[PDB]
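Here is the structure we will look at.
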Amino acid sequence: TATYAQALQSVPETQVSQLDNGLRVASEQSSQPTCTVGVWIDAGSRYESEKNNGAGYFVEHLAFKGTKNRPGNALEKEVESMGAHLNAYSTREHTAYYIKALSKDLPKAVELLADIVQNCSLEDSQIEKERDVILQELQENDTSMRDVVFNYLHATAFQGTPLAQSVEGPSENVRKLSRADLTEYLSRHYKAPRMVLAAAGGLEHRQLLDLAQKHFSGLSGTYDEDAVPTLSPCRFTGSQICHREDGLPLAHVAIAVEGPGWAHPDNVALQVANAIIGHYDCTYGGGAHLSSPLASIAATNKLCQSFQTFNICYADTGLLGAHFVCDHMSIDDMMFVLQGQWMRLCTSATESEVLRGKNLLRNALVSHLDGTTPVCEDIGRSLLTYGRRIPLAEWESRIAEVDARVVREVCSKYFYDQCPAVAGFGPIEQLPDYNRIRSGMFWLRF
Amino acid sequence: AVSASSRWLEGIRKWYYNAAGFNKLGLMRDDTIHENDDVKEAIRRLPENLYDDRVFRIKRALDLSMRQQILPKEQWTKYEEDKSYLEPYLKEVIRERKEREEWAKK
Amino acid sequence: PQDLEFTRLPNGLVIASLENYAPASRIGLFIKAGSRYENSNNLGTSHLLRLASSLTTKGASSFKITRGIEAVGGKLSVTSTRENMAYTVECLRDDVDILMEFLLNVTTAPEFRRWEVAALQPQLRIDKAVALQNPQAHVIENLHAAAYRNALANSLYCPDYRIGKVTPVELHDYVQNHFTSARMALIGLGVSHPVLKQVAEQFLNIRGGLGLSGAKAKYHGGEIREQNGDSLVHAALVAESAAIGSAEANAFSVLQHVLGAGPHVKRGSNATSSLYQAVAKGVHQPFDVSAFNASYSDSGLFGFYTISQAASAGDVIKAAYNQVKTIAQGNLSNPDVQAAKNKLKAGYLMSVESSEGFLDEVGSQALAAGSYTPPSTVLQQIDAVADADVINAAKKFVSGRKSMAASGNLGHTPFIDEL
Amino acid sequence: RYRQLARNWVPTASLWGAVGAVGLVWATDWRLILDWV
Amino acid sequence: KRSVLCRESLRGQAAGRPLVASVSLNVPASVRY
């Protein structure tokens with residue numbers, strides 16, 4: 001026998017460790033076969049200037065194509081030889097490269113990763129080859145309404161800020177981009193303490209720490225002169241950005257209220273809140289019986305195709321809201337139910353309801369952590385986000401303090417009387433007038 | 001402790017059903033129901049046979065009403081043949097909605 | 001701490017359990033009913049069954065079932081393949097009992113009401129529609145229906161003409177014949193085996209022999225071609241692989257990887273992938289291609305998949321073939337087999353590095369063998385493959401009845417006689 | 001039973017009603033009610 | 001529909017035990033290999 005709480009407390013704690021330069025070393029042990037070592041660098045798209053708006057993201061196509069040590073296809077081959085998959089993901093705040101591989105392969109694993117981060121053999125040929133690729137990716141991204149809309153959203157809520165630029169970057173900055181500029185980019189942002197070397201699985205922390213190739217460090221200040229925030233608050237202006245194309249079959253809407261940074265007591269309570277509204281698709285087995293009203297209504301009345309609430313969390317900014325793709329004649333009804341849900345939430349939450357969302361959260365938060373890759377990302381990203389804590393067991397506690405009053409007061413800070421950030425990609429012809437959406441965040445009637 | 005009462009109760013019931021226009025009309029007690037939201041969903045759940053039948057009997061009924069004529073003595077609905085065919089369906093529908101209501105308390 | 005614990009009953013149903021440390025437990029009843037269990041008159045009933053898992057059953061109304069799991073933040077997944085149908089059930093340690101009594105109703109007490117089953121019907125189209133968005137699904141599907149004749153050539157997704165015609169008796173009959181004791185395997189990731197058994201004993205004792213659907217295997221070379229308007233064209237080329245959990249099979253798997261091109265690197269190109277290299281050299285700039293490898297109880301399918309443009313279709317297609325011909329001509333050096341191997345080994349391990357992964361792997365094995373083979377042993381088996389063996393298996397593709405399925409503008413797609 | 005479900009509204013509901021009732025009278029400015037303040 | 005123009009293509013099917021495994025869950029839904 002064993003009970004949830006118990007299990008929680010028993011989980012393998014994460015060991016945070018540091019090199020002389022600030023290289024951060026973390027790791028969760030399990031003495032299991034596979035391992036996923038990763039280096040989670042935290043210089044993203046929000047550091048880029050207007051020109052290098054897509055720099056970072058361009059580095060990421062060269063990351064895996066040569067080191068002065070390992071030229072043309074020597075990374076992949078070796079990676080292929082190793083049998084460990086190698087992925088590179090890039091966010092507006094966080095670039096990361098990781099390897100998946102047999103636990104016995106750490107030796108050449110961590111070597112490889114380290115190698116990758118530092119030496120990247122980038123010739124004019126590779127730059128001009130990547131350009132063509134990028135430009136083609138961009139064209140492909142335009143074919144994705146969800147991706148088109150979610151950018152939009154960020155550009156309008158972040159209008160007039162470095163944060164509102166596409167990680168993919170501006171079309172023509174890809175063309176223009178000077179070869180010298182990737183260097184400065186890397187040079188200036190790849191310097192730990194930014195970086196974290198994380199990992200999970202069957203390894204011994206001790207050895208990870210040691211294994212870290214101590215080759216280059218943070219070439220930065222020892223004093224406050226550095227303290228000028230590179231992480232300067234970003235205005236999250238409330239506007240809307242409607243982009244009507246009656247040629248497309250369905251309609252994308254992403255509506256938001258600005259939210260907390262990464263770290264905040266309100267920030268878990270919110271999640272419990274979106275537990276309640278939930279998320280929904282054409283294929284959900286429960287339709288009409290789902291316990292989330294937007295879900296039931298939608299299910300019942302063929303109101304939408306798929307809808308999902310989100311909490312986007314950034315240091316000094318946050319995007320909260322949901323997003324629904326609906327026929328052209330259903331935009332308004334969907335807008336009505338959702339906002340409706342919000343309001344109800346901050347005035348009328350019932351303990352029942354909050355308690356169910358509570359529990360949902362736990363699961364969401366436990367099940368994600370199943371597998372090696374997943375644990376590695378949490379550990380890496382956790383360190384630049386929330387700093388060097390791994391709030392895993394805390395969660396349940398924090399989640400536990402949840403009350404129907406807690407959830408109600410926490411929701412009304414961020415959604416009530418607050419001005420929305422609304423983007424669509426029409427048929428938006430029926431999409432609610434900015435003032436209508438606005439008045440939906442307060443309760444006279446409806 | 002209902003022996004005499006049950007028989008007596010049964011006796012009272014036949015007279016009301018026979019007495020009622022529904023028996024005379026030829027539409028079974030179930031077709032006389034007030035069509036409301038629960039009845040409505042039970043109706044929808046009926047088999048083609050069961051269901052089409054209700055449509056004809058109400059068809060024949062509303063036709064008689066329109067003409068003010070009663071059906072022949074030979075062709076009437078006899079109490080002993082109480083097809084409570086709606087009942088089954090109707091029950092659940094309510095059953096399901098009671099549950100839903102109850103699940104919504106807290 | 002405690003390793004799994006299988007147990008075959010008198011009925012013949014398998015059950016396993018692993019009290020893990022962490023907070024999340026997940027049951028999964030895998031019933032042996034795949035899509036291969038339907039006939040011409042029964043096609044599309046697994047599909048509907050898959051989608052009817054929240055309908056009223058004997059002890060639990062559709063409402064209770066869904067609001068119930070919501071209550072507690074659980075998820076109920078009903079996954080199926082051509083051979084099996086896993087009924088997954090996740091939830092919090094403390095709530096497994098509330099949840100299990102749901103899985104049991106859903107699976108042993110289904111009550112397919114004319115009215116309820118009728119509402120669903122339309123969901124089939126919606127479901128089919130979304131899954132047919134990925135060329136992979138319709139081609140892959142078309143592949144199975146051309147290469148087989150009778151059982152495994154039945155697709156997962158209801159045939160357009162059947163949709164509204166899937167009757168209640170049909171569902172009730174499929175459950176009855178296939179959702180039975182001999183074909184079932186319980187599997188827990190965070191439950192007590194002692195208490196699991198009890199329950200298994202109390203609720204999973206139903207009789208039903210195999211093949212009341214019409215079990216049997218057979219391979220038949222054929223080509224299904226779907227013309228489109230899309231620039232890109234997909235096509236599969238496949239011949240009878242070796243069977244499930246057999247040496248030949250395993251061999252194939254290892255050969256698969258020698259050519260197999262599932263990128264291990266984001267934005268990265270394979271240097272390892274022979275197919276990719278060979279294809280690449282004779283091919284244009286934009287293209288993509290991968291080794292395909294399927295294995296089922298009573299036959300397999302091995303061969304490759306291509307994604308070219310309209311006028312490259314052939315070039316790619318042949319190029320791929322030629323290269324796989326090379327290995328069958330004998331040309332294959334030791335260095336590459338060992339890399340392959342280690343690639344595969346790595347893969348399998350990662351595959352089971354997750355709860356969901358593990359729970360599938362376990363159940364899966366339950367239905368095939370009747371026990372749980374540990375990873376290590378697994379790993380040994382793959383290693384045993386001979387560098388020749390690989391070639392030998394590859395010989396078989398080139399000298400095995402061909403069966404292909406393509407989509408897109410097919411001006412430049414080789415036919416059987418073309419290659 | 002019912003009150004617990006509507007408790008949040010009860011507090012919020014109570015405030016709106018008092019405000020609404022007082023406001024109408026205040027806009028209305030009936031003399032008898034006002035005399036008391 | 002997602003444009004498939006570049007080198008990025010990396011889809012082709014072949015797993016260990018599972019092959020072309022389709023999931024339908026009460027909450028989520030998908031198609032793997």
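Ligands are numbered from 1 in the order shown, chains are lettered A, B, ... in the order of the structure tokens, and residues start at 1 in each chain.
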(request) Considering only C-alpha atoms, extract the chain E residues located within 7 Å of chain C and return them as a count of residues only. (result) 22
(request) Hey, list the chain B side of the contact with chain A: 12 Å cut-off, only C-alpha atoms, answer as JSON, numbers by chain. (result) {"B": [96, 97, 99, 100, 103, 104, 105, 106]}
(message) For a test of reading the model, state the distance in Å between CA of residue 209 (chain A) and CA of residue 119 (chain A), rounded to one decimal.
(response) 20.7 Å
(request) Show which residues sit within 7 Å of residue 277 (chain A), as a PyMOL selection string. Count only C-alpha atoms, and ignore same-chain residues fewer than 3 positions away. (result) chain A and resi 274+292+294
Any chance you can output those residues with N, CA, C and O atoms as a PDB file, in the first residue's frame?
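Written output follows (result_17.pdb):
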```
ATOM      1  N   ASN A 274      -8.334  27.614 -15.001  1.00  0.00           N
ATOM      2  CA  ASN A 274      -8.591  27.083 -16.321  1.00  0.00           C
ATOM      3  C   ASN A 274      -8.811  25.585 -16.370  1.00  0.00           C
ATOM      4  O   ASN A 274      -8.993  24.972 -17.438  1.00  0.00           O
ATOM      5  N   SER A 292     -17.540  20.970 -18.008  1.00  0.00           N
ATOM      6  CA  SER A 292     -17.212  22.346 -18.268  1.00  0.00           C
ATOM      7  C   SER A 292     -18.204  22.982 -19.233  1.00  0.00           C
ATOM      8  O   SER A 292     -18.204  22.840 -20.456  1.00  0.00           O
ATOM      9  N   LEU A 294     -18.533  25.606 -21.120  1.00  0.00           N
ATOM     10  CA  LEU A 294     -18.187  25.973 -22.488  1.00  0.00           C
ATOM     11  C   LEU A 294     -18.160  24.716 -23.330  1.00  0.00           C
ATOM     12  O   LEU A 294     -18.856  24.589 -24.347  1.00  0.00           O
TER      13      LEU A 294
END
```
(request) Mind listing the helix (DSSP H, G or I) residues of region 29-75 of chain C, per DSSP on the backbone, as JSON, numbers by chain? (result) {"C": [35, 36, 37, 45, 46, 47, 48, 49, 50, 51, 62, 63, 64, 65, 66, 67, 68, 69, 70, 71, 72]}
(message) My list of candidates is C:318, C:412, C:26, C:341. Which is closest to residue 97 (chain C) when distances are computed with only C-alpha atoms?
(response)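 The answer is C:26, which sits nearest to residue 97 (chain C).
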(message) Report, in Å to a single decimal, how far apart CA of residue 77 (chain A) and CA of residue 197 (chain A) are.
(response)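 Interatomic distance, CA of residue 197 (chain A) to CA of residue 77 (chain A): 22.9 Å.
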Which chain A residues have any atom within 8 Å of an atom of chain E, and for each, what is the nearest pair of atoms with distance in Å to one decimal, counting only C-alpha atoms, rows sorted by chain and number, as CSV?
```
residue,atom,partner,partner_atom,distance
A:133,CA,E:6,CA,6.6
A:136,CA,E:6,CA,6.7
A:137,CA,E:6,CA,7.0
A:140,CA,E:3,CA,4.8
A:141,CA,E:3,CA,7.4
A:143,CA,E:2,CA,6.0
A:144,CA,E:2,CA,6.2
A:280,CA,E:27,CA,7.7
A:283,CA,E:29,CA,6.7
A:284,CA,E:27,CA,5.3
A:285,CA,E:26,CA,4.1
A:286,CA,E:26,CA,5.7
```
Residues from last step as file, N, CA and C atoms, as a compact mmCIF listing (two decimals), in the first residue's frame:
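part34.txt, written as the output of this step:
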```txt
# COMPACT_ATOMS: atom_id res chain seq x y z
N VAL A 133 15.94 27.81 -46.65
CA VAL A 133 15.06 26.96 -45.84
C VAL A 133 14.15 27.83 -45.00
N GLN A 136 11.37 29.36 -46.70
CA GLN A 136 10.34 28.37 -46.97
C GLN A 136 9.56 27.97 -45.72
N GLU A 137 10.20 27.85 -44.56
CA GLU A 137 9.47 27.57 -43.32
C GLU A 137 8.42 28.68 -43.15
N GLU A 140 5.45 28.31 -44.93
CA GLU A 140 4.66 27.22 -44.37
C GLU A 140 3.95 27.65 -43.12
N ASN A 141 4.61 28.39 -42.24
CA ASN A 141 3.92 28.85 -41.04
C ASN A 141 2.69 29.67 -41.40
N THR A 143 0.65 29.02 -43.37
CA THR A 143 -0.45 28.11 -43.64
C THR A 143 -1.09 27.60 -42.38
N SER A 144 -0.74 28.17 -41.23
CA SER A 144 -1.28 27.61 -39.99
C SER A 144 -1.99 28.72 -39.23
N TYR A 280 -11.47 21.75 -25.42
CA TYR A 280 -12.45 20.91 -26.10
C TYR A 280 -12.22 20.68 -27.58
N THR A 283 -13.58 15.71 -31.52
CA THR A 283 -13.45 14.37 -31.04
C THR A 283 -13.48 14.06 -29.57
N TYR A 284 -13.89 14.93 -28.65
CA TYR A 284 -13.93 14.54 -27.23
C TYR A 284 -15.04 13.55 -26.95
N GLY A 285 -14.74 12.39 -26.37
CA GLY A 285 -15.74 11.37 -26.13
C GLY A 285 -16.92 11.74 -25.26
N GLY A 286 -16.80 12.79 -24.48
CA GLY A 286 -17.82 13.10 -23.50
C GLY A 286 -18.77 14.13 -24.03
```
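For chain D, the residues having at least one atom no farther than 9 Å from chain B, when counting only C-alpha atoms, are residues 1, 2, 4 and 5 of chain D.
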(request) Could you check how far CA of residue 48 (chain A) sits from CA of residue 218 (chain A), in Å to one decimal? (result)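 A separation of 19.1 Å between them.
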(message) Tell me as a list in words which residues belonging to chain A come within 10 Å of chain D, counting only C-alpha atoms.
(response)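 Written out as asked, the residues are residues 344, 346, 347, 348, 349, 350, 351, 352, 404, 405 and 408 of chain A.
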Saved selection, atoms kept: C-alpha atoms, as a CSV table (one decimal), in the first residue's frame:
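part.csv, written as the output of this step:
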```
chain,number,residue,atom,x,y,z
A,344,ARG,CA,-19.1,33.5,-13.4
A,346,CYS,CA,-14.8,35.4,-10.2
A,347,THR,CA,-18.2,36.0,-8.5
A,348,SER,CA,-19.9,32.6,-8.3
A,349,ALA,CA,-17.2,29.9,-7.9
A,350,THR,CA,-18.5,27.0,-5.8
A,351,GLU,CA,-16.2,24.8,-3.8
A,352,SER,CA,-17.3,21.7,-5.7
A,404,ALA,CA,-13.2,28.4,-3.8
A,405,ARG,CA,-12.7,31.9,-2.4
A,408,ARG,CA,-12.5,33.6,-7.0
```
(message) Show me, as a PyMOL selection string, the residues that have an atom within 8 Å of residue 240 (chain C) when counting only C-alpha atoms, minus same-chain residues fewer than 5 positions from it.
(response) chain C and resi 219+299-302+397+400-401
(message) List the spatial neighbours of residue 334 (chain A) as a PyMOL selection string - criterion: any atom at most 8 Å away, only C-alpha atoms, same-chain residues fewer than 3 positions off excluded.
(response) chain A and resi 294+298+303-304+324+326+330-331+337-338
Selected residues written out, C-alpha atoms, as a PDB file, in the first residue's frame:
```pdb
ATOM      1  CA  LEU A 294     -18.187  25.973 -22.488  1.00  0.00           C
ATOM      2  CA  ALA A 298     -20.147  23.698 -27.458  1.00  0.00           C
ATOM      3  CA  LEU A 303     -20.922  25.926 -31.182  1.00  0.00           C
ATOM      4  CA  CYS A 304     -17.226  25.228 -31.845  1.00  0.00           C
ATOM      5  CA  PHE A 324     -11.559  28.762 -30.066  1.00  0.00           C
ATOM      6  CA  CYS A 326     -15.558  28.322 -34.807  1.00  0.00           C
ATOM      7  CA  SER A 330     -20.683  31.077 -34.428  1.00  0.00           C
ATOM      8  CA  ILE A 331     -17.967  33.497 -33.439  1.00  0.00           C
ATOM      9  CA  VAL A 337     -20.127  31.643 -23.374  1.00  0.00           C
ATOM     10  CA  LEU A 338     -16.424  31.988 -22.644  1.00  0.00           C
TER      11      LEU A 338
END
```
(request) Please return as a list in words: the residues of chain E that backbone DSSP assigns to strand (DSSP E). (result)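 Taking chain E and keeping strand (DSSP E) gives residues 22, 23, 24, 29, 30 and 31 of chain E.
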Write out as a JSON list (two decimals) with C-alpha atoms, in the first residue's frame the residues lying within 8 Å of residue 328 (chain C), counting only C-alpha atoms and excluding same-chain residues fewer than 6 positions away.
```
[["chain", "number", "residue", "atom", "x", "y", "z"],
["C", 391, "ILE", "CA", 20.86, -8.54, -45.75],
["C", 392, "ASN", "CA", 18.92, -11.83, -46.02],
["C", 393, "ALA", "CA", 15.73, -10.19, -44.79],
["C", 394, "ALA", "CA", 16.38, -7.36, -47.23],
["C", 395, "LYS", "CA", 16.77, -9.92, -50.00],
["C", 396, "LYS", "CA", 13.15, -10.83, -49.19],
["C", 398, "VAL", "CA", 13.27, -7.23, -53.29]]
```
(message) Show me, as a ChimeraX atom specification, the residues that have an atom within 9 Å of region 70-76 of chain B when counting only C-alpha atoms, minus same-chain residues fewer than 2 positions from it.
(response) /B:23-27,64-65,67-68,78
